[PDB]
J.: 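Quick one: structure below, then a few questions.
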Amino acid sequence: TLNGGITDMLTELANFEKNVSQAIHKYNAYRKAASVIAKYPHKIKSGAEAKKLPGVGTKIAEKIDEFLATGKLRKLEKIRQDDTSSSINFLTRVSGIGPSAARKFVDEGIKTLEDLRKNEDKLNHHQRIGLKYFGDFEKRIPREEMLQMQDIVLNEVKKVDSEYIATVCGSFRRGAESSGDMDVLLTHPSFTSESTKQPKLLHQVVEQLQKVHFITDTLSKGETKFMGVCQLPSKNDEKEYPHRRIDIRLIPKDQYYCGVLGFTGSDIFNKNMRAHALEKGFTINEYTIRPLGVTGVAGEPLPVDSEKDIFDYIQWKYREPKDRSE
DNA sequence: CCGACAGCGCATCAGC
DNA sequence: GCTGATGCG
DNA sequence: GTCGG
Ligand SMILES: Nc1nc2c([nH]c(=O)n2[C@@H]2O[C@H](COP(=O)(O)OP(=O)(O)OP(=O)(O)O)[C@@H](O)[C@H]2O)c(=O)[nH]1
Ligand SMILES: *P(=O)(O)OC[C@@H]1CC[C@H](n2ccc(N)nc2=O)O1
Ligand SMILES: [Mn+2]
Ligand SMILES: [Mn+2]
Ligand code: NA
Ligand code: NA
Ligand code: NA
Ligand code: NA
């Protein structure tokens, strides 16, 4: 919060470029500058000072000066007053409605929560469910509730097959006191980079969580990735807990460490690390780290047995998950 | 100046 | 039905 | 929008 005013402005500009302008590289540029400023341990006094940080350039430096003088940014004040931009930005807040769909809906006169509810028939399943729980998905999850959810998931997974190993990652693994959702990594010795000796590995788990009424709806679902909705059970007479977003991802067991690194994040930390591995001649995804040859084509996976090994290959001093919330 | 910007699973549509 | 491109997160 | 080369 030391520079919360500046990071807020840059985040709003980023969302505008993504939702309205459909300029994804400007979106990431604003997010990168916002992340680097967010960890800068002084109260920024000027855009010149801010520009000394990597990722903050001339254009962002000028906007920081304006904000520090007046406390506002004219470019944003105009964007906030444009009904089309304002409607597009709102509709994208519904899960499954992206910049393209949002603009298409605004084009047809669908531009408010009310309009969306009248035209449920014009939404796909994902968007239909995002609308249904739009209000609940706006609330964060206290870490205490995350611990309750962790217990339910890990115990229900054990009851299907004691060989499962479910790991909660995301902001939870990074030590956050509150989370936007719950992210679950799943492994089973039957599923490795060498064979898939068991089918319906993920399905079995989803069905079990649906049986005990933990999972309440599904956004999408494939053989290795599930995105849906969950809800803690409420005690007698007390009010219902908010519905929550949950992702479950089954990963080959022998590739757990690249998977836990990828799903722990943060998303910006991933981008920074993966970009750096390229600078040093490697390519990292949630499964492996591979060397780049003379041509840039990926080589064979390198041996990995810990999160640190991946850091070693690219000459990075290891960083605890708590220190990866960029 | 200019090219690159991390990398991927699922849903949906167009084309054959 | 499959294959590729696009939207989405 | 930013930055290495
Ligand atoms: N949101 C987001 N997450 C990403 C991206 N790329 C990527 O690898 N991830 C990983 O996916 C994990 C789960 O997604 P998430 O949005 O819930 O991230 P989070 O747990 O840190 O934040 P949260 O507290 O709002 O839930 C992230 O921690 C991150 O490691 C991305 O582009 N956007
Ligand atoms: P969603 O649940 O609303 O956003 C969460 C997930 C986590 C990663 C995924 N994501 C988002 C954007 C991009 N570019 N790549 C991703 O994997 O959104
Ligand atoms: Mn999360
Ligand atoms: Mn998530
Ligand atoms: Na800079
Ligand atoms: Na959305
Ligand atoms: Na979030
Ligand atoms: Na609810």
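Chain naming here is simple, since letters A, B, ... match the order of the sequence lines and numbering starts at 1 in each.
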J.: When clusters are formed by joining ILVMFWY residues with side-chain heavy atoms under 4.5 Å apart, either directly or through shared neighbours, do A:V206 and A:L186 land in the same one?
T.: yes
J.: Could you check how far CD of A:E279 sits from P of D:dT2, rounded to whole Å?
T.: 18 Å
J.: Could you tell me from which nucleotide to which nucleotide of DNA chain C, 5' to 3', there is an atom under 4.0 Å from chain A heavy atoms?
T.: C:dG7 to C:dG9
J.: Sequence neighbours left out, what passes salt bridge (charged side-chain N to carboxylate O under 4.0 Å, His left out) with A:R249? Give chain and number order.
T.: A:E286
J.: Taking any heavy-atom pair under 4.0 Å as a contact, classify A:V94: base, sugar-phosphate, or nothing.
T.: sugar-phosphate
J.: Could you check C:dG1 and say if its sugar is north or south from the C1'-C2'-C3'-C4' sign?
T.: north
J.: Name all residues meeting the salt bridge (charged side-chain N to carboxylate O under 4.0 Å, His left out) criterion together with A:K51; count only those two or more places apart in sequence or in a different chain, and write none if there are none.
T.: none
J.: Considering only atom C1', compute the distance from D:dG1 to B:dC8 and round it to an integer number of Å.
T.: 25 Å
J.: Does atom NZ of A:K158 have more than 12 heavy-atom neighbours from other groups under 6.0 Å away?
T.: no
J.: State which residues pass ring-ring contact (aromatic ring centres under 6.0 Å, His included) with A:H42; sequence neighbours excluded, sorted by chain then number.
T.: A:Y40
J.: What stem regions, each of at least 3 consecutive Watson-Crick or G-U pairs below 3.5 Å, can be found for DNA chain D?
T.: none
J.: Test: salt bridge (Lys or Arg N to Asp or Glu O under 4.0 Å). Region: residues 18-42 of chain A. Which pairs qualify, not counting sequence neighbours?
T.: A:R31-A:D267, A:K39-A:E326
J.: Which residues pass the salt bridge (charged side-chain N to carboxylate O under 4.0 Å, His left out) test with A:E12, sequence neighbours left out?
T.: A:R80
J.: Rounded off to whole Å, could you give me the CG-to-P distance for the A:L261 and B:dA6 pair?
T.: 15 Å
J.: Given atom NZ of A:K18 and atom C1' of D:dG1, what is their separation to the nearest angstrom?
T.: 17 Å
J.: Without decimals, in angstroms, what is the distance between A:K280 NZ and B:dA6 P?
T.: 18 Å
J.: Please enumerate all protein N or O atoms sitting under 3.5 Å from an N or O of nucleotides 7-12 of chain B, with distances to 0.1 Å.
T.:
{"unit_1": "B:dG7", "atom_1": "OP1", "unit_2": "A:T283", "atom_2": "OG1", "d": "2.8"}
{"unit_1": "B:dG7", "atom_1": "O4'", "unit_2": "A:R274", "atom_2": "NH1", "d": "3.4"}
{"unit_1": "B:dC8", "atom_1": "OP1", "unit_2": "A:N285", "atom_2": "ND2", "d": "3.1"}
{"unit_1": "B:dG9", "atom_1": "OP1", "unit_2": "A:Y287", "atom_2": "OH", "d": "2.7"}
{"unit_1": "B:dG9", "atom_1": "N3", "unit_2": "A:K225", "atom_2": "NZ", "d": "3.2"}
{"unit_1": "B:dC10", "atom_1": "OP1", "unit_2": "A:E223", "atom_2": "N", "d": "3.0"}
{"unit_1": "B:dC10", "atom_1": "OP1", "unit_2": "A:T224", "atom_2": "N", "d": "2.9"}
{"unit_1": "B:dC10", "atom_1": "OP1", "unit_2": "A:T224", "atom_2": "OG1", "d": "3.4"}
{"unit_1": "B:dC10", "atom_1": "OP1", "unit_2": "A:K225", "atom_2": "N", "d": "3.0"}
{"unit_1": "B:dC10", "atom_1": "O3'", "unit_2": "A:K221", "atom_2": "N", "d": "3.4"}
{"unit_1": "B:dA11", "atom_1": "OP1", "unit_2": "A:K221", "atom_2": "N", "d": "3.0"}
{"unit_1": "B:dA11", "atom_1": "OP1", "unit_2": "A:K221", "atom_2": "O", "d": "3.3"}

J.: Base, sugar-phosphate, or nothing for A:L53, non-hydrogen atoms under 4.0 angstrom?
T.: sugar-phosphate
J.: Do the side chains of A:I289 and A:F269 join up, straight or via other hydrophobic residues, at under 4.5 Å, putting them in one cluster?
T.: yes
J.: For A:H25, check ring-ring contact (aromatic ring centres under 6.0 Å, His included) against everything at least two apart and list the hits.
T.: none
J.: For A:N28 and D:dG1, give me the distance from atom CG to atom P, rounded to whole Å.
T.: 14 Å
J.: Taking any heavy-atom pair under 4.0 Å as a contact, classify A:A101: base, sugar-phosphate, or nothing.
T.: sugar-phosphate
J.: Examine the six-membered rings in the bases of B:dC10 and B:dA11 and report whether their centres are under 5.5 angstrom apart and their planes under 30 degrees.
T.: yes
J.: List, one per line, each side-chain donor-acceptor pair under 3.5 Å for residues 227-243 of chain A, sequence neighbours excluded.
T.:
{"unit_1": "A:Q231", "atom_1": "NE2", "unit_2": "A:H243", "atom_2": "NE2", "d": "3.4"}
{"unit_1": "A:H243", "atom_1": "ND1", "unit_2": "A:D136", "atom_2": "OD2", "d": "3.3"}

J.: By the 4.0 Å heavy-atom rule, please label A:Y27 as base, sugar-phosphate, or nothing.
T.: nothing
J.: Taking CG from A:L292 and P from B:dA4, how many angstroms apart are they, rounded to a whole number?
T.: 14 Å
J.: Both distances below 3.5 Å, Watson-Crick or wobble geometry, any strand: find the nucleotide opposite B:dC13.
T.: C:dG4
J.: Need one value for A:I24: base, sugar-phosphate or nothing, where a base atom within 4.0 Å counts as base even if backbone is also close, heavy atoms only.
T.: nothing
J.: Of all residues at least two apart in sequence or in a different chain, which pass the salt bridge (charged side-chain N to carboxylate O under 4.0 Å, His left out) check with A:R245?
T.: A:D247
J.: Quantified in whole Å, what is the P atom distance between nucleotide B:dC5 and nucleotide D:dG4?
T.: 15 Å
J.: Return the set of residues passing side-chain contact (heavy atoms from CB on, under 4.5 Å) with A:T70 (not counting sequence neighbours), or none when no residue passes.
T.: A:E66, A:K72
